[PDB]
Amino acid sequence: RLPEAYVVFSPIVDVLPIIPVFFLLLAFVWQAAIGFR
Amino acid sequence: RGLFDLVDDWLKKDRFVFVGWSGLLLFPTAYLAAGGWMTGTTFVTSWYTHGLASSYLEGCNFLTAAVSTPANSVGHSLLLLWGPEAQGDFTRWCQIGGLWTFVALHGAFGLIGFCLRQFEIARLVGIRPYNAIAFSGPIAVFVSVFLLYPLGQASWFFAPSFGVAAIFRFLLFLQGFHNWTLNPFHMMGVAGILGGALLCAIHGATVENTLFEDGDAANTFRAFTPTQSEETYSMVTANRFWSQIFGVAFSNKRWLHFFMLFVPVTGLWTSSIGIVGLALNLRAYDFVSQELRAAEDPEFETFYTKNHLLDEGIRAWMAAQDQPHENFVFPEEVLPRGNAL
Amino acid sequence: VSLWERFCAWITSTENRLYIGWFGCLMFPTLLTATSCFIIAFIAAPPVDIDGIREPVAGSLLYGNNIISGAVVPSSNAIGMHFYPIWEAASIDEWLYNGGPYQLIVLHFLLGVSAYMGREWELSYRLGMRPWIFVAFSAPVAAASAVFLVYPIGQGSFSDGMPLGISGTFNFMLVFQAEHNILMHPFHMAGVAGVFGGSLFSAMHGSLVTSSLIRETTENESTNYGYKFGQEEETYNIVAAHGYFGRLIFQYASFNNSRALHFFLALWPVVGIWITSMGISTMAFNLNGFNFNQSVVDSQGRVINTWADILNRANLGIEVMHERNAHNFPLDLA
Amino acid sequence: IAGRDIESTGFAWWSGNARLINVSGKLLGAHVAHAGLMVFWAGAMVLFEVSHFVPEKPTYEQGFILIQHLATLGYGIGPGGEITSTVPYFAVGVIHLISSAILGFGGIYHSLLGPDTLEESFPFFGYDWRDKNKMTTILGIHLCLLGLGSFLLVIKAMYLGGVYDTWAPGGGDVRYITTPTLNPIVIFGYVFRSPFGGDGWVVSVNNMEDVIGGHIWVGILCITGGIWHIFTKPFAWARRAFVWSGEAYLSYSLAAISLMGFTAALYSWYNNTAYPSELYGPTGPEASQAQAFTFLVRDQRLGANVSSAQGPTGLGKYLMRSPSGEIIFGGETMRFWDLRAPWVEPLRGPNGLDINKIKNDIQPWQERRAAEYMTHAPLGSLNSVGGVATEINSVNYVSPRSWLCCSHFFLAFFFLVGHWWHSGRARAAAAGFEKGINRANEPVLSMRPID
Amino acid sequence: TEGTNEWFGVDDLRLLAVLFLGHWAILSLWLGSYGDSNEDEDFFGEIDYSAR
Amino acid sequence: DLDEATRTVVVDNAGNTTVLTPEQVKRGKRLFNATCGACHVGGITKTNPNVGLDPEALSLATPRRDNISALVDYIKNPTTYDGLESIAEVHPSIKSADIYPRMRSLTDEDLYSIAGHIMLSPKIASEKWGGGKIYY
Amino acid sequence: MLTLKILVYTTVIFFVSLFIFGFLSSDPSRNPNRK
Ligand code: CLA
Ligand code: CLA
Ligand code: CLA
Ligand SMILES: CCCCCCCCCCCCCCCC(=O)OC[C@H](COP(=O)(O)OC[C@@H](O)CO)OC(=O)CCCCCCCCCCCCCCC
Ligand SMILES: CC1=C(/C=C/C(C)=C/C=C/C(C)=C/C=C/C=C(C)/C=C/C=C(C)/C=C/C2=C(C)CCCC2(C)C)C(C)(C)CCC1
Ligand SMILES: CC1=C(/C=C/C(C)=C/C=C/C(C)=C/C=C/C=C(C)/C=C/C=C(C)/C=C/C2=C(C)CCCC2(C)C)C(C)(C)CCC1
Ligand code: OEX
Ligand SMILES: [Fe+2]
């Protein structure tokens, strides 16, 4: 796994590759809040 | 005025969902076919009929869940809840496979009630009834598969179960045992389904590419008010396009849109005629001139005789687990294997 | 004035009977050679070693076939992926034995269909049309290149390519089922929804136009003669067919816009066949469909069967019987 | 709000980034933000691939795709494909993660506070799409970087540590490329081969001297052609053939990126040199030959003459002869007779598989390799169970080759569709009829009779 | 000899003279109109309508 | 329904029977699929189909291999089927565990549970274990 | 067989050269808009 000074953050790193999908959904959420205009 | 007129005026009232006279046959029977399927794929097992698992309680996902056909010992019983098999008990009715006939029968009276819905709305709006006649296509596939196919066979057991992978075995059961792809009625049905998908992909892409300029915006979806009398695409241009690309082309919008009705629906009627001929086991199994020759000449091989050896594998390997009622105990040494497989 | 300008003016003329164009410079020589070799190889062609085991499979009409069983046989397992033209064959008899004309037809087909597609673009440019009919034709070009080109690449041989016939098609579909489990793969699922949906919205749109036609004929003559060609009046009450489907399901599920309606007819099949043709492509490289065999167990651990286990026993029957002599080792790696 | 609704532009919300064609600051901030996402994924994926690393299983059984690119560079890899350290993989995934927070800030600065057009304030960076001197300069600046980026592979493979050669004598190990191949008859020998079987157009580079010697010529071309397009201007024939607009340049790239998309998806299926089988698992062709070699060893121990062992079809059960004359393995594996692998090439000769060397010299590391590559063949499923399509659910393996050859191949068709959409519109936006046919002037009506 | 790594499948020397005389025989046709034109005349369009 | 009579497996060459605790049958499956199951999936052997993990085939080996103590014996020292010579150089083992990186971290209880899985699986599935594709 | 082979490379790069020098022949300007 990660080096010993970094084994603490092993849950947070598991979420990290998902985060680029969340930018695709952030566009539509932003288009909803702007009212699609 | 009378009592019939008040009821006639109430059902045909403009409301959220149009009820009409036909809604008394549709809305009770369609609600119970759909709810009988959602219940049967969630809770009711197939452990006693088929010897499978076909529920969400039993770990199956959306794909491997089904409402399954009853046992072969039931025969063609209607399996009424009050009947001689179930005798009023709900729990023993579900284990015999009573929900499957509950779905199929109340579903068959949903498709009756939905096609009557299309005659009733067309008479009130005042249009020609071609939706109700094109919907007769899908009626001829439900009836001649979910109803007329197990009636000609041994029981309801040989019918398609209402589940995603349970249709998929019915596709594989019909090749090994019936040679369904060789049947010219499927061949005229594939020509209508792939032909019907062809026509909407062309008519979709030719209308959308001969549009007129009706606005300054780059979006062309905005430039159409529904009540306008000017046509929205150049028919003369689209004819001139396909007359030079493909060589021949429609010059008639009335003939075009009728031809988009004829091609998908006829593929459901011609394929429905053949599956009635497989209830009687009148299959197009072999070309005897190919079979008499391959017997006398042990060198003559076609692709066609290659498909029979693929069907011996379907007829032998799955039929042990397919039909647990018949108790096929095959030895290892009768099952046709190939070399080193 | 020049000879080239008087040739470019003719080859890009829309005043020809059939538009030739610059893609027709390599559409017409390709597809006429794929045609003229197909008619000869379907009618009169000797048997072909397909399995590479020197067991020649007859596929033509003169060797005792019909329309259904006759087929242009794919090339040998001995050749495999190698390019095998006529001049690299040392005789035509050695060419026709080893599956010659399958590569001549297919390679001149995929060039001619990818040029027929660009030709649909070109005439749309010279006629003033918006251009994208050729994007809708990308969906059968994706599917033709999937079973003739991409699937022989990832499996490493043209012998696994699709036989040019009718019974050869069903030899292709069943063997593809046992080795790849296409029915459980979600891209065949997304294109069965593409053509069941496609034939739905075809017959659903074609009925609502034909339902709402305007009176322009008598009851003696044909319905179709109420459309004069090139007229500017609309030939059906579109408000009528909107109020019908607005009551048949409910109000808000109906397209009042005929442009957005005629776009959804082009979206649904074409997206369904793009996705499907990238199902054969990802299953050309042995990334198969789902496999739920022995997935449901009791607490004791005994395997409880599902419908996928019954589907598996149909796949095991085709797997142990396809190419019944070509195998020598326990696993069909090819 | 002006510029950000359909009343001002004419584009709907779903085709909303098409509003960025004729603004330059918003467009620059968009390209540097998506570049911030490409970096950010690769940093965050490698940290995800490090935290799930186990030294017990091999590198390909654990289902990784990015820490096997760095092992081809040679970081943390030992002899024979054994990853040792996994502290340098942590270091790379942080630099490609911190840097995306800077490229992230450029995407949020240049697209939310930057000027809409750079041509007003910044005359070096400002441009126009119709200009042809500036666009070849933008092409020229960004080609000299692709020249320099190709020499970083060459500097690293000759000076800074070396790269992983799987053909390295004595076993696969990090090897300095001492003498790369600089012969244009050999290097451009690949680029003009047949793409079919046996030749295998650019996939078939089979040693690291042609790889590292080849990336030299790429750096030579991309710098001279980078300087060529900075100085010059497009010729007479090049100005007549193209469309000089904004979307037309985008549909030029989408055609070429699809070429690179298919080719990287076909490297990963066949090539075992840039993609070592010790790291990515055995190829499609390699696992077909490892089966026939394993049962060759198995029945040779039973005292069976494997050369004269007549097969059931009449061919060779074990050794047969290829259609060019070479001694190969028999079965359905006769199609993959071009399989050149570092564990079978010890048994080659001029003729092929040397029968004297099979009868006498089979080394037990080859038996440990062919049995490893039989059981980890690239045959999988989407729920990640291995084996054939009818295998039961016990193993958890899909080869990383089958993920790369089915996803970059998946994209490379849709980017070919992007060449078709974006060039159909750009050629018709240049001509004026992308909005539809004019009702007053229809071009078909002013033509000949139809026939 | 199929799987030889030879440029464009040019096995014999005679096939080159076929390739060179194919591209050039149409190139010389093309230069009869689009050749011998001014290589120094520009435009600020997206598309040029200069001459024949 | 994992009764302790069903979890009771034979432990020595004489024939004593001990029971497997429920963590042994669970780690016994995870370790077997991760380590051994690449070739010994479901009891068959991919690279040598003659020598399987059948309870018939384990019994006919020249040292009897049905026991837990006999299977962990095989893992630390794999002889052939007739037991004359060693094939530790090609089968993964503990003795030859420098070449195989997969077996450098295995304790005594870990091999005790893997051999527990090989022995307790024919008692769960009687004919599926090592029956080939006929009994899938 | 090396006489047929000569005939094919004539026919291929005849039509390929008509394709290549077709779009170099000021092909964007051949539209119904202007010229
Ligand atoms: C790759 C993804 C991507 C990117 C980089 C952009 C970028 C952009 N889009 Mg866009 N868009 C996208 C996808 C994307 N789009 C998709 C998928 C759709 C379809 C729904 C749209 C639809 C769309 C429309 C309809 C419009 C744009 C517009 C714009 C531009 C200006 C936005 C603006 O000023 O409003 C202000 C923006 C906001 C208030 C959003 C705030 C959200 C913040 C920035 C998120 C930051 C989170 C991040 C983790 C923080 C990091 C900080 C750093 C310090 C670490 C901008 C360049 C507009 C345009 O054309 O401008 C002229 C416009 O009209 N987009
Ligand atoms: C390709 C990316 C790109 C481009 C073309 C621009 C272009 C521009 N930026 Mg911008 N910017 C970018 C990325 C980019 N930026 C990023 C990533 C950030 C976040 C750090 C910023 C943050 C930023 C701010 C905060 C400001 C600008 C400003 C400007 C404008 C003037 C810059 C200047 O003074 O030039 C001359 C500048 C220099 C000569 C300094 C260069 C120093 C760098 C470190 C050299 C780069 C090293 C090397 C080439 C990169 C290698 C890494 C590579 C492999 C990725 C100009 C239009 C300014 C502006 O518009 O004014 C309002 C401004 O205030 N930018
Ligand atoms: C990212 C890569 C890239 C891109 C997009 C471009 C883009 C462009 N280049 Mg460029 N170029 C690049 C890299 C790139 N270049 C590199 C790395 C080099 C160095 C080798 C060159 C060398 C170069 C030259 C020498 C020329 C261009 C030209 C062009 C323009 C388009 C012509 C074209 O594509 O015809 C595609 C055509 C072919 C693939 C085949 C052409 C066959 C030639 C014409 C036969 C004549 C022989 C000739 C002397 C070359 C000998 C090689 C061989 C063919 C015999 C366009 C602006 C042309 C231009 O307008 O100059 C400004 C031009 O004349 N480029
Ligand atoms: C290299 C490419 C050059 C183009 C290749 C040419 C091939 C084109 C095929 C010609 C279609 C001829 C059928 C006549 C049909 C005929 O003449 O119809 C003529 C009809 C014109 O209708 P109008 O609008 O003129 O009719 C108005 C009223 O008068 C209705 O009666 O055009 C169509 O509707 C055809 C569209 C569907 C086209 C159907 C094609 C089905 C494919 C062919 C199936 C047979 C293949 C069998 C092979 C064994
Ligand atoms: C059977 C029966 C019955 C009953 C009936 C009923 C009443 C039922 C109902 C039922 C129902 C009626 C059901 C329902 C169900 C539902 C469900 C369960 C759904 C689900 C859903 C889902 C899961 C989906 C998903 C999604 C979402 C959410 C969003 C996105 C998209 C998607 C599609 C993915 C009775 C009593 C008569 C008796 C006899 C028998
Ligand atoms: C690294 C490396 C290497 C190298 C590489 C190289 C050296 C490359 C080259 C590359 C190249 C050398 C490429 C080329 C390409 C080309 C192309 C692809 C082209 C295209 C073209 C076009 C696209 C055109 C078009 C057109 C036409 C046809 C007509 C008119 C119009 C136009 C102009 C548009 C090697 C192999 C050693 C190995 C591995 C490593
Ligand atoms: O060639 Mn036609 O089928 Ca594709 O898997 Mn392997 O290879 Mn053969 O066996 Mn199964
Ligand atoms: Fe329509």
# chains A, B, ... in the order shown; residues from 1 in each chain; ligands from 1

$ residues_near_ligand --ligand "ligand 1" --cutoff "7 Å" --atoms "only C-alpha atoms and all ligand atoms" --output "compact mmCIF listing (two decimals) with C-alpha atoms, in the first residue's frame"
# COMPACT_ATOMS: atom_id res chain seq x y z
CA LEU A 24 -19.24 16.15 -15.62
CA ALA A 27 -21.87 21.09 -15.35
CA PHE A 28 -25.48 19.89 -15.40
CA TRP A 30 -24.71 24.35 -12.79
CA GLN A 31 -27.00 24.41 -15.81
CA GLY D 3 -22.92 35.80 -24.52
CA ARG D 4 -24.43 33.23 -22.15
CA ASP D 5 -27.96 32.73 -23.49
CA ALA D 12 -28.73 26.02 -26.71
CA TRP D 13 -27.49 25.04 -23.28
CA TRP D 14 -26.61 21.52 -24.38
CA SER D 15 -24.35 22.79 -27.16
CA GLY D 16 -23.12 25.39 -24.78
CA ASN D 17 -19.37 25.23 -25.14
CA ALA D 18 -19.86 26.10 -28.81
CA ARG D 19 -20.31 29.64 -27.54
CA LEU D 20 -16.55 29.59 -26.90
CA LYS D 26 -12.88 31.75 -22.21
CA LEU D 27 -11.66 29.20 -24.74
CA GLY D 29 -9.41 28.76 -19.82
CA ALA D 30 -11.44 25.81 -21.02
CA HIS D 31 -8.51 24.03 -22.66
CA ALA D 33 -9.06 23.30 -17.27
CA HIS D 34 -9.58 20.06 -19.19
CA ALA D 101 -4.17 22.29 -8.78
CA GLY D 104 -6.87 23.96 -12.22
CA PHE D 105 -6.30 27.55 -11.14
CA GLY D 107 -8.78 27.09 -15.85
CA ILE D 108 -10.70 28.96 -13.19
CA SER D 111 -12.22 31.44 -17.97
CA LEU D 112 -13.84 33.47 -15.20

$ residues_near_ligand --ligand "ligand 4" --cutoff "6 Å" --atoms "only C-alpha atoms and all ligand atoms" --output "count of residues only"
8

$ residues_around --residues "residue 5 of chain G" --least-positions-apart "2" --cutoff "12 Å" --atoms "only C-alpha atoms" --output "list in words"
residues 85, 86, 87, 88, 89 and 90 of chain C; 9, 10, 11, 12, 14, 15, 16, 18 and 19 of chain E; 1, 2, 3, 7, 8, 9, 10, 11 and 12 of chain G

$ write_last_selection --atoms "N, CA, C and O atoms" --output "compact mmCIF listing (two decimals), in the first residue's frame"
# COMPACT_ATOMS: atom_id res chain seq x y z
N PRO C 85 -3.30 -11.95 -51.38
CA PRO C 85 -3.87 -11.54 -52.67
C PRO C 85 -3.67 -12.61 -53.72
O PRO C 85 -3.19 -13.69 -53.40
N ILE C 86 -4.03 -12.32 -54.97
CA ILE C 86 -3.91 -13.35 -56.00
C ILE C 86 -2.45 -13.55 -56.38
O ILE C 86 -2.00 -14.68 -56.58
N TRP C 87 -1.69 -12.47 -56.45
CA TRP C 87 -0.31 -12.57 -56.90
C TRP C 87 0.61 -13.19 -55.86
O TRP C 87 1.73 -13.58 -56.20
N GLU C 88 0.18 -13.28 -54.61
CA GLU C 88 0.94 -13.99 -53.58
C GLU C 88 0.36 -15.36 -53.33
O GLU C 88 0.28 -15.80 -52.19
N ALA C 89 -0.06 -16.05 -54.39
CA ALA C 89 -0.70 -17.35 -54.24
C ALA C 89 -0.21 -18.42 -55.19
O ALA C 89 -0.69 -19.55 -55.09
N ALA C 90 0.64 -18.10 -56.16
CA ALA C 90 1.37 -19.02 -57.04
C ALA C 90 0.51 -19.81 -58.03
O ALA C 90 1.07 -20.48 -58.90
N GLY E 9 4.55 -3.00 -50.23
CA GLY E 9 4.52 -4.25 -50.96
C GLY E 9 5.31 -4.26 -52.24
O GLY E 9 5.05 -5.11 -53.10
N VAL E 10 6.25 -3.34 -52.41
CA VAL E 10 7.06 -3.31 -53.62
C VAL E 10 8.08 -4.44 -53.51
O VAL E 10 9.10 -4.32 -52.83
N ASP E 11 7.76 -5.56 -54.16
CA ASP E 11 8.66 -6.71 -54.16
C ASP E 11 9.75 -6.55 -55.20
O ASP E 11 10.94 -6.66 -54.90
N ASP E 12 9.35 -6.29 -56.44
CA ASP E 12 10.27 -6.12 -57.56
C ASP E 12 10.49 -4.65 -57.85
O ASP E 12 9.72 -3.78 -57.45
N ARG E 14 10.25 -3.30 -60.72
CA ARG E 14 9.36 -2.86 -61.78
C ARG E 14 8.11 -2.18 -61.24
O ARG E 14 7.52 -1.37 -61.94
N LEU E 15 7.73 -2.48 -60.00
CA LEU E 15 6.49 -1.93 -59.46
C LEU E 15 6.63 -0.47 -59.07
O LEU E 15 5.62 0.23 -58.92
N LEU E 16 7.86 0.01 -58.86
CA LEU E 16 8.09 1.41 -58.56
C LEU E 16 7.69 2.29 -59.73
O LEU E 16 6.90 3.22 -59.56
N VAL E 18 5.63 1.81 -61.91
CA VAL E 18 4.18 1.88 -61.93
C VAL E 18 3.66 2.95 -60.98
O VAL E 18 2.75 3.70 -61.33
N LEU E 19 4.24 3.05 -59.78
CA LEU E 19 3.74 4.01 -58.80
C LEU E 19 4.08 5.43 -59.20
O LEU E 19 3.25 6.33 -59.09
N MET G 1 0.10 -12.89 -60.27
CA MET G 1 1.38 -13.57 -60.26
C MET G 1 2.41 -12.75 -61.03
O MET G 1 2.90 -13.18 -62.07
N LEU G 2 2.65 -11.54 -60.52
CA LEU G 2 3.68 -10.57 -60.92
C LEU G 2 3.47 -9.95 -62.29
O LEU G 2 4.21 -9.04 -62.66
N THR G 3 2.50 -10.41 -63.05
CA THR G 3 1.98 -9.67 -64.18
C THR G 3 0.64 -9.06 -63.85
O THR G 3 0.38 -7.91 -64.22
N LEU G 7 -0.65 -4.82 -62.80
CA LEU G 7 -1.90 -4.26 -63.29
C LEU G 7 -2.72 -3.65 -62.17
O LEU G 7 -3.51 -2.73 -62.40
N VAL G 8 -2.52 -4.12 -60.94
CA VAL G 8 -3.34 -3.63 -59.84
C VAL G 8 -2.82 -2.29 -59.34
O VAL G 8 -3.59 -1.36 -59.10
N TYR G 9 -1.49 -2.16 -59.21
CA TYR G 9 -0.91 -0.91 -58.73
C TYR G 9 -1.09 0.22 -59.73
O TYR G 9 -1.06 1.40 -59.35
N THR G 10 -1.26 -0.10 -61.02
CA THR G 10 -1.72 0.91 -61.96
C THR G 10 -3.12 1.37 -61.59
O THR G 10 -3.37 2.57 -61.45
N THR G 11 -4.03 0.42 -61.41
CA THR G 11 -5.44 0.76 -61.23
C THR G 11 -5.69 1.40 -59.87
O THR G 11 -6.57 2.25 -59.75
N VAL G 12 -4.94 1.00 -58.84
CA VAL G 12 -5.14 1.61 -57.53
C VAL G 12 -4.71 3.07 -57.54
O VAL G 12 -5.52 3.97 -57.32

$ residues_near_ligand --ligand "ligand 7" --cutoff "9 Å" --atoms "only C-alpha atoms and all ligand atoms" --output "ChimeraX atom specification"
/C:50-52,76-77,80,152,155-161,172,175-176,178-179,319,322-324,326-327,331-334 /D:332-333,335

$ write_last_selection --atoms "N, CA, C and O atoms" --output "CSV table (one decimal), in the first residue's frame"
chain,number,residue,atom,x,y,z
C,50,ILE,N,-11.5,-24.1,-44.4
C,50,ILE,CA,-11.7,-23.0,-43.5
C,50,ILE,C,-11.0,-23.3,-42.2
C,50,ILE,O,-10.4,-22.4,-41.5
C,51,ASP,N,-11.0,-24.5,-41.7
C,51,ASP,CA,-10.5,-24.8,-40.4
C,51,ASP,C,-9.0,-25.1,-40.5
C,51,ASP,O,-8.3,-25.3,-39.4
C,52,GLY,N,-8.4,-25.0,-41.7
C,52,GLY,CA,-7.0,-25.2,-41.8
C,52,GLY,C,-6.6,-26.7,-41.6
C,52,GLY,O,-5.4,-27.0,-41.5
C,76,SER,N,-8.6,-19.4,-44.7
C,76,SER,CA,-8.2,-20.5,-43.9
C,76,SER,C,-7.7,-20.1,-42.5
C,76,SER,O,-7.5,-18.9,-42.3
C,77,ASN,N,-7.7,-21.1,-41.6
C,77,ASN,CA,-7.0,-20.9,-40.4
C,77,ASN,C,-5.5,-20.9,-40.6
C,77,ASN,O,-4.7,-20.4,-39.8
C,80,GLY,N,-4.8,-17.3,-41.6
C,80,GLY,CA,-5.0,-16.4,-40.5
C,80,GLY,C,-5.1,-15.0,-40.9
C,80,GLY,O,-5.8,-14.6,-41.9
C,152,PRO,N,-12.1,-10.3,-37.0
C,152,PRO,CA,-10.9,-11.1,-37.4
C,152,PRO,C,-9.6,-10.5,-36.8
C,152,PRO,O,-8.6,-11.3,-36.8
C,155,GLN,N,-9.3,-11.6,-32.9
C,155,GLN,CA,-9.2,-13.1,-32.9
C,155,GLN,C,-8.1,-13.6,-33.7
C,155,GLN,O,-7.8,-14.8,-33.7
C,156,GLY,N,-7.4,-12.7,-34.5
C,156,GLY,CA,-6.2,-13.1,-35.1
C,156,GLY,C,-6.3,-13.9,-36.4
C,156,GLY,O,-5.3,-14.4,-36.8
C,157,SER,N,-7.5,-14.0,-37.0
C,157,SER,CA,-7.7,-14.7,-38.2
C,157,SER,C,-8.9,-14.3,-38.9
C,157,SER,O,-9.9,-14.0,-38.3
C,158,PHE,N,-8.9,-14.3,-40.2
C,158,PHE,CA,-10.1,-14.1,-41.0
C,158,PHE,C,-11.0,-15.3,-41.0
C,158,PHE,O,-12.2,-15.2,-41.4
C,159,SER,N,-10.5,-16.4,-40.5
C,159,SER,CA,-11.4,-17.6,-40.5
C,159,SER,C,-12.5,-17.4,-39.4
C,159,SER,O,-13.5,-18.0,-39.5
C,160,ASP,N,-12.2,-16.7,-38.4
C,160,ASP,CA,-13.3,-16.3,-37.4
C,160,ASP,C,-14.1,-15.2,-38.0
C,160,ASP,O,-15.1,-14.8,-37.3
C,161,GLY,N,-13.8,-14.6,-39.1
C,161,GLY,CA,-14.7,-13.6,-39.7
C,161,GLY,C,-16.0,-14.2,-40.2
C,161,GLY,O,-16.2,-15.4,-40.3
C,172,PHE,N,-22.1,-18.0,-37.5
C,172,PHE,CA,-21.3,-17.0,-36.9
C,172,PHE,C,-22.0,-16.5,-35.6
C,172,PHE,O,-21.3,-16.3,-34.6
C,175,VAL,N,-21.7,-19.5,-32.6
C,175,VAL,CA,-20.3,-19.7,-32.2
C,175,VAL,C,-19.9,-18.5,-31.4
C,175,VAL,O,-19.2,-18.6,-30.4
C,176,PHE,N,-20.4,-17.3,-31.8
C,176,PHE,CA,-20.1,-16.1,-31.1
C,176,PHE,C,-20.8,-16.1,-29.7
C,176,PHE,O,-20.4,-15.4,-28.8
C,178,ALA,N,-21.4,-18.9,-27.7
C,178,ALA,CA,-20.7,-19.8,-26.8
C,178,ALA,C,-19.4,-19.2,-26.3
C,178,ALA,O,-19.0,-19.5,-25.2
C,179,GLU,N,-18.7,-18.5,-27.2
C,179,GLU,CA,-17.3,-18.1,-26.9
C,179,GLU,C,-17.3,-16.7,-26.2
C,179,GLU,O,-16.3,-16.3,-25.6
C,319,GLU,N,-20.1,-24.7,-27.4
C,319,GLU,CA,-18.6,-24.6,-27.2
C,319,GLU,C,-17.9,-25.9,-27.5
C,319,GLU,O,-16.9,-25.9,-28.1
C,322,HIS,N,-18.3,-26.6,-31.7
C,322,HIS,CA,-17.9,-25.8,-32.8
C,322,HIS,C,-16.5,-26.1,-33.2
C,322,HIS,O,-15.6,-26.3,-32.3
C,323,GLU,N,-16.2,-26.3,-34.5
C,323,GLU,CA,-15.0,-26.7,-35.0
C,323,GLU,C,-14.5,-28.0,-34.4
C,323,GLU,O,-13.5,-28.0,-33.7
C,324,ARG,N,-15.2,-29.0,-34.6
C,324,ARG,CA,-15.2,-30.2,-33.8
C,324,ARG,C,-13.9,-31.0,-34.0
C,324,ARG,O,-13.5,-31.9,-33.3
C,326,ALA,N,-10.9,-29.0,-35.2
C,326,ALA,CA,-9.8,-28.0,-35.2
C,326,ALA,C,-9.1,-27.9,-33.9
C,326,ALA,O,-7.9,-27.4,-33.9
C,327,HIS,N,-9.7,-28.4,-32.8
C,327,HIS,CA,-9.1,-28.2,-31.5
C,327,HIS,C,-8.2,-29.4,-31.1
C,327,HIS,O,-8.5,-30.6,-31.6
C,331,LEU,N,-8.6,-25.7,-24.1
C,331,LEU,CA,-9.2,-24.4,-24.0
C,331,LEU,C,-9.2,-23.7,-25.4
C,331,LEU,O,-8.2,-23.6,-26.0
C,332,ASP,N,-10.4,-23.2,-25.8
C,332,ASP,CA,-10.5,-22.5,-27.0
C,332,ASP,C,-9.9,-21.1,-26.8
C,332,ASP,O,-10.7,-20.2,-26.5
C,333,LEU,N,-8.6,-21.0,-26.9
C,333,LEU,CA,-8.0,-19.6,-26.9
C,333,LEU,C,-8.3,-18.8,-28.1
C,333,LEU,O,-8.2,-17.6,-28.1
C,334,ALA,N,-8.7,-19.5,-29.2
C,334,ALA,CA,-9.1,-18.8,-30.4
C,334,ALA,C,-10.5,-19.2,-30.8
C,334,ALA,O,-11.0,-18.9,-31.9
D,332,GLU,N,-5.6,-24.8,-33.1
D,332,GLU,CA,-6.0,-23.5,-33.4
D,332,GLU,C,-4.9,-22.5,-33.2
D,332,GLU,O,-5.1,-21.3,-33.6
D,333,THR,N,-3.8,-22.9,-32.6
D,333,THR,CA,-2.7,-21.9,-32.4
D,333,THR,C,-1.8,-21.8,-33.7
D,333,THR,O,-0.8,-21.1,-33.6
D,335,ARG,N,-2.7,-20.2,-36.2
D,335,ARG,CA,-2.9,-18.8,-36.8
D,335,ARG,C,-1.9,-17.9,-36.2
D,335,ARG,O,-1.5,-16.9,-36.9

$ residues_near_ligand --ligand "ligand 2" --cutoff "8 Å" --atoms "only C-alpha atoms and all ligand atoms" --output "compact mmCIF listing (two decimals) with C-alpha atoms, in the first residue's frame"
# COMPACT_ATOMS: atom_id res chain seq x y z
CA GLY D 25 -9.94 33.90 -23.15
CA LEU D 28 -8.12 29.23 -23.35
CA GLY D 29 -9.41 28.76 -19.82
CA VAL D 32 -6.31 24.51 -19.60
CA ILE D 102 -2.11 24.86 -10.66
CA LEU D 103 -3.57 23.95 -14.05
CA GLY D 104 -6.87 23.96 -12.22
CA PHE D 105 -6.30 27.55 -11.14
CA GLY D 106 -5.50 28.58 -14.70
CA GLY D 107 -8.78 27.09 -15.85
CA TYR D 109 -8.77 32.18 -13.71
CA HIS D 110 -8.60 32.46 -17.50
CA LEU D 113 -11.69 36.59 -14.88
CA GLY D 114 -9.60 36.62 -18.03
CA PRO D 115 -10.57 38.89 -20.90
CA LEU D 118 -6.90 38.03 -26.08
CA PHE D 122 -2.25 40.57 -25.62
CA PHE D 125 -1.39 35.34 -27.63
CA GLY D 126 -4.42 36.80 -29.39
